[PDB]
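Chains as they are written, first to last, in full-length UniProt numbering: chain A, 54 to 106; chain B, 81 to 150.
Quick reminder that beta carbons are idealized off the backbone N, C-alpha and C, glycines included.
Below is one structure; the comments refer to it alone.
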Amino acid sequence: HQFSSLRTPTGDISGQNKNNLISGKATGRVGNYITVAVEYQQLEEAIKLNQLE
Amino acid sequence: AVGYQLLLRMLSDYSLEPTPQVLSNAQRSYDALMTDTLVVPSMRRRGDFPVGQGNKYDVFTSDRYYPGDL
Numbered sequence: 054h055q056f057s058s059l060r061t062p063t064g065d066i067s068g069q070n071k072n073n074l075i076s077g078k079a080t081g082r083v084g085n086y087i088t089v090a091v092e093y094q095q096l097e098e099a100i101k102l103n104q105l106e
Numbered sequence: 081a082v083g084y085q086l087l088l089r090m091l092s093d094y095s096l097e098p099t100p101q102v103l104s105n106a107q108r109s110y111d112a113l114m115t116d117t118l119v120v121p122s123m124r125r126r127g128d129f130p131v132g133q134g135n136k137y138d139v140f141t142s143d144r145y146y147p148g149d150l
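Structure, rendered in structure tokens:
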């Protein structure tokens, strides 16, 4: 929040133009999927790559 | 080869009979054609056959078992 002040030389001024209270927001959301997918033949894959590590 | 096979398939059109010498020559040339075309396969390992500790399957080869047919 932020506020501003007034400048007057008098003190019994209980009735005047006061401030206001406004509340803000900051919204966070989700994004799209980060997807990598492969299609293959498991025999040619496992010729030399077991467990696909 | 092609000509002799065509001859054997076409003699019946003119209603004739091939001779034994013609049959033998056609057989010899057809055998030559088979000799040219012949290829024999090799039986790969089953796929659950262990590779053995002597092939260094820990470091040199990533397979503990043979891949099998592709």
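Taking Cβ positions, are residue i and residue j nearer each other than 9 Å?
{"i": "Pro147 (chain B)", "j": "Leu96 (chain A)", "result": "yes"}
{"i": "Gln85 (chain B)", "j": "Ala112 (chain B)", "result": "no"}
{"i": "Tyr137 (chain B)", "j": "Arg144 (chain B)", "result": "yes"}
{"i": "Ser104 (chain B)", "j": "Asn103 (chain A)", "result": "no"}
Let me check one thing: in DSSP terms, what residues is residue i bridge-paired to?
{"i": "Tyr145 (chain B)", "result": "B:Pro130"}
Just confirm the distance between the C-beta atoms of residue i and residue j, as a whole number of angstroms; I'd bet it's less than 8 Å.
{"i": "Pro98 (chain B)", "j": "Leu88 (chain B)", "result": "6 Å"}
{"i": "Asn72 (chain A)", "j": "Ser57 (chain A)", "result": "7 Å"}
{"i": "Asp149 (chain B)", "j": "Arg124 (chain B)", "result": "5 Å"}
To be precise: take each residue of the region 103-117 of chain B, compare its Cβ to all Cβ atoms of chain A, and keep it if any distance is under 7 Å. Which residues remain? none
Pull out every residue of the region 72-99 of chain A whose Cβ sits closer than 7 Å to any Cβ of chain C, in chain order. Among the protein chains in the structure shown, which are A and B, there is no chain C.
Report the start-end ranges of each alpha helix (DSSP H) in the region 61-99 of chain A that is 4 residues or longer and not cut off at the edges. 95-99
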